[PDB]
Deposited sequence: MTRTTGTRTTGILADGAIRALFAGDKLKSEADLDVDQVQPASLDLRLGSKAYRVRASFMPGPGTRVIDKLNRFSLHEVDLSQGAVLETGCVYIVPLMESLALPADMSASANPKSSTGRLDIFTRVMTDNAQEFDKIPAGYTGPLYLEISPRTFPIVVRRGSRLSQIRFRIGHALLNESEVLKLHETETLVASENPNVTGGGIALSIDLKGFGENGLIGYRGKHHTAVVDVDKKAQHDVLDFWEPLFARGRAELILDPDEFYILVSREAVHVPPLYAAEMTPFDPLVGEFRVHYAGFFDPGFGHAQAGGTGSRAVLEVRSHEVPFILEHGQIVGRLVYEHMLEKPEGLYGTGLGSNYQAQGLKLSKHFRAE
């Protein structure tokens, strides 16, 4: 292939040939099979609002039109509702033929943290254009939990590519035949992900609702917080359904156990038809090898962050909430 998603060797090939740069030496686990994690610098700027730089504008110029600097050396709490712009440790000198896109880490999404990667001259967030040279910034806004971040915190990741090597309806059905994509007949349209509101285990746990009032989650020290201090576990108590209320954040799971085979990457996409009623937020990248060589058998369920938009909505078990779009690795 002349087109597809750069693997991690090909990413390490960019740091060497100075198409990617960084303030410090990369972390050992910072390059991922099909993406790079982006790291926070030492300063955050508290702003009044989010903004688009626009054509002919450096972020740093716009940022000076606007406000209060926070030091992230030791670690600062970013509060819910507030907006911060953070220069990232990584910057780009991409080949004319190579472009990039950004998405939050699944752990960032789990914590309901709003993030946008902004680029110089940007007219849309999270899209790096072909042949981009310059700095990267992260806009950050905690929505449910206040968080502590610092220099080197990793909230976001970037996927590089030459062209768009997407798979079509028979290419996906073929791939499913040889390498299992759903553990079982896949709804090809990439693959449709539906919601499981039936439950799991002896108690029948459906997922979790984030608590509106909590203490601060350290983003680099996550295995050290207790669940019921941050979450309301949801259970089956009747018909297979959940009312999604507008102020609330839900962590739920797909019915499907999905598998992204070794030479492919994937990306979670919203279900456009129903984006008006409810959205899967924080839909991110899937690495080659997701659900691959595991204790249960092929495939693992996708963790999904759901919110209703304006009005309460009765989510029903089996509802199509999205689709995993598959893509060829270079």
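Residues of the deposited sequence missing from the coordinate set occupy positions 1 to 7, 74, 192, 199 to 200, 342 to 370.
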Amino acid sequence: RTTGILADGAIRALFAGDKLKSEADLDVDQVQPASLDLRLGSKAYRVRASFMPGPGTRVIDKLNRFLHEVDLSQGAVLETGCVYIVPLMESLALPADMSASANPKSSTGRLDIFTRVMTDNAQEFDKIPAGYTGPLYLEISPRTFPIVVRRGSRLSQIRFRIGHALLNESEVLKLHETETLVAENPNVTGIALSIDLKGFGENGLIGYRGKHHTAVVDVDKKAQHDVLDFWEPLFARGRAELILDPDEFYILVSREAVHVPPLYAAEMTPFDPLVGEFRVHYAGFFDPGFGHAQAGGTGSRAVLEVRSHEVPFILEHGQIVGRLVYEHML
From here on, numbers count along this sequence of modelled residues.
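Remark: stretch with higher mean C-alpha B factor among 292 to 300 and 43 to 51 is 292 to 300. For the pair 202 to 210 and 136 to 144, the record assigns the higher mean C-alpha temperature factor to 202 to 210. Of the candidates 115, 101, 189, 107, it is 189 whose Cα B-factor is highest according to the PDB record. Per the deposited coordinates, the residue with the largest Cα temperature factor out of 181, 155, 89, 82 is 181. Among the modelled residues of its chain, residue 120 has a C-alpha B-factor that falls in the middle third according to the deposited record. Ranked within its chain, residue 246 lands in the lowest third, by CA B factor from the PDB record. Residue-level temperature factors show residue 320 in the middle third of its chain, judged at the C-alpha atom. Residue 254 sits in the lowest third of its chain by CA B factor, as recorded in the PDB entry. Among the modelled residues of the chain, residue 29 sits in the middle third by CA temperature factor in this PDB entry.
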